[PDB]
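A.B. asks: Let me begin by handing over the structure; questions about it come next.
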Amino acid sequence: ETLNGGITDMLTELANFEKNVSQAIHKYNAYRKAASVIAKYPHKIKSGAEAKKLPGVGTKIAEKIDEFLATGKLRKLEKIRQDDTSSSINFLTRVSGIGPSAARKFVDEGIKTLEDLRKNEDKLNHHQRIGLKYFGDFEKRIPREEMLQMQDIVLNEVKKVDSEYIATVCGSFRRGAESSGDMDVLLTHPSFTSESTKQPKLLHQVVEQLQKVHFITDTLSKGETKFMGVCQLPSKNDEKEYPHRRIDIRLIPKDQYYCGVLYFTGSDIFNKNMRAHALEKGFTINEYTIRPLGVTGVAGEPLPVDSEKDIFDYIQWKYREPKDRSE
DNA sequence: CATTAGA
DNA sequence: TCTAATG
Ligand SMILES: [Mn+2]
Ligand SMILES: [Mn+2]
Ligand SMILES: [Mn+2]
């Protein structure tokens, strides 16, 4: 957590690079398991040799650790950090729509900067187009204050279109966070669950709503179950407009909400841990259900849920307010 | 780890 | 169809 820090971070830098600037899936995969194990080991690695004892630790990375231990740095690391191309790739990457594949291609074409991308708006797609559009506000955090404002309007039309809806705005917001990166809207409807062969419109009706009122402003992607967009809060009585916000709305079978709710609400750890416990408790939890375990090794059969509580009662735990689902 | 775009 | 990019 800290006695093995420099090593871990260095490695992951090492790993993140192979994946991105290069295509080295494997090396990258390499640096990761290593960067993983070395993180677990309870003592101060004092030499590669020592590291090397480890699993996934080869001559390659161990060599790497000596150098880092020996001298406060690493050239390979220093070289990359300098490398304009590779820099370039990391950069373009921030552009929502942009991935490594693109990055690279873009770079090869010579598009390396913000401006580059502009000049060639043609070379980019709608997503990427949008991404480029709202790059600044896309990297901006969302104050709860706003979060509050957003969730309000949203439940608002949700309600309006059909009173039979259920929306929850999950994530850290849901968890109390003083700020969020985007807004995550979970959605369901009685008239939609497991078997009841859809009602795409169900999703459809809302986005449309939000749009008509100006909440929704662009479309990153619209599917019959997962919309992905951009939104904004009505820029008040002037002098202050709002940044373009990333938002996601998703449809869900009323029969699997709460799990998914539970889940997407986190925290990553809270979940893992709760889930771990459900294992002892003779259960199985996952993004959609909760199945009781059969000693044969495994089992099935989706226990019925109607609330965040049921899942809890099931594994006989303490209801944790989402406030404190921190871990 | 599944959904969406796209080419 | 595949492949990329999001989460
Ligand atoms: Mn070994
Ligand atoms: Mn990006
Ligand atoms: Mn998200």
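Per Swiss-Prot, chain A residues shown: 9-335, in order.
Recorded method for this deposit: X-ray crystallography, 3.3 Å.
The backbone N, Cα and C atoms fix where each Cβ goes, and this holds for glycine too.
From Swiss-Prot, here are the annotated features:
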type: ACT_SITE; residues: A:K72; note: active site, nucleophile
type: BINDING; residues: A:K60, A:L62, A:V65; note: K(+) 1 binding site
type: BINDING; residues: A:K60, A:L62, A:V65; note: Na(+) 1 binding site
type: BINDING; residues: A:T101, A:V103, A:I106; note: Na(+) 2 binding site
type: BINDING; residues: A:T101, A:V103, A:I106; note: K(+) 2 binding site
type: BINDING; residues: A:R149, A:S180, A:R183, A:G189, A:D190, A:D192; note: dGTP binding site
type: BINDING; residues: A:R149, A:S180, A:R183, A:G189, A:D190; note: dCTP binding site
type: BINDING; residues: A:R149, A:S180, A:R183, A:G189, A:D190; note: dATP binding site
type: BINDING; residues: A:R149, A:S180, A:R183, A:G189, A:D190; note: dTTP binding site
type: BINDING; residues: A:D190, A:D192, A:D256; note: Mg(2+) 2 binding site
type: BINDING; residues: A:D190, A:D192; note: Mg(2+) 1 binding site
type: MOD_RES; residues: A:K72; note: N6-acetyllysine
type: MOD_RES; residues: A:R83; note: omega-N-methylarginine
type: MOD_RES; residues: A:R152; note: omega-N-methylarginine
type: REGION; residues: A:183-192; note: region 'DNA-binding'
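Tell me about the surroundings of these features in the structure.
C.D. replies: Under the DSSP three-state reduction, A:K72 (active site, nucleophile) is assigned to helix.
Secondary structure at A:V65 (K(+) 1 binding site), taken from DSSP and collapsed to helix, strand or coil, is coil.
The local packing around A:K60 (K(+) 1 binding site), expressed as other Cβ atoms within 10 Å of its Cβ over all shown chains, amounts to 17.
For A:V103 (Na(+) 2 binding site), the Cβ neighbour count at a 10 Å cut-off comes to 22, with all displayed protein chains included.
Within 10 Å of the C-beta of A:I106 (Na(+) 2 binding site) there are 21 other C-beta atoms, taking all protein chains into account.
Classification of A:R183 (dGTP binding site) by DSSP places it in coil, neither helical nor stranded. The Cβ neighbour count for A:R183 (dGTP binding site), using a 10 Å radius and every protein chain shown, is 18.
Around A:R149 (dGTP binding site), the same-chain residues at least 6 positions away in sequence with a Cβ under 8 Å from its Cβ are A:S187, A:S188, A:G189.
Mapped onto three states, the DSSP output places A:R149 (dGTP binding site) in coil.
Non-local neighbourhood of A:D190 (dGTP binding site): A:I150, A:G179, A:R253, A:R254, A:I255, A:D256, each in the same chain, at least six residues away, with C-beta under 8 Å from its C-beta.
When Cβ atoms from all protein chains are considered, those within 10 Å of A:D256 (Mg(2+) 2 binding site) total 17, not counting its own.
Here the Cβ of A:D192 (dGTP binding site) has 20 other Cβ atoms within 10 Å, regardless of which shown protein chain they belong to.
Neighbour list (A:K72 (active site, nucleophile), Cβ cut-off 8 Å, at least 6 residues apart, same chain): A:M18, A:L19, A:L22, A:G56, A:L82, A:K84.
Cβ neighbours of A:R83 (omega-N-methylarginine) (same chain, under 8 Å, six or more residues apart in sequence): A:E75. Under the three-state DSSP scheme, A:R83 (omega-N-methylarginine) falls in the helix class.
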A.B. asks: Scan A:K72, A:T101, A:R149, A:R152, A:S180, A:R183 for recorded positions whose C-beta lands under 6 Å from an atom of ligand 3 and note them, or write none.
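C.D. replies: What lies within reach of ligand 3, judged by Cβ under 6 Å, is none of the recorded positions.
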A.B. asks: Taking 10 A as the limit, how many CB atoms besides its own sit near the CB of A:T101 (Na(+) 2 binding site)?
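C.D. replies: Excluding its own Cβ, A:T101 (Na(+) 2 binding site) sees 16 Cβ atoms within 10 Å.
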A.B. asks: Comparing the binding-site residues A:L62, A:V65, which residue's C-beta has the most other C-beta atoms within 10 angstroms in this structure?
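C.D. replies: In terms of Cβ crowding, the pick is A:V65.
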A.B. asks: Running a distance check here. Ligand 2 versus the recorded positions A:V65, A:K72, A:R83, A:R149: which have CB less than 6 Å from one of its atoms?
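C.D. replies: Result: none.
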A.B. asks: Rounded to a whole number, how many Å is the Cα of A:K60 (K(+) 1 binding site) away from the Cα of A:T101 (Na(+) 2 binding site)?
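C.D. replies: About 34 Å separates the two Cα atoms.
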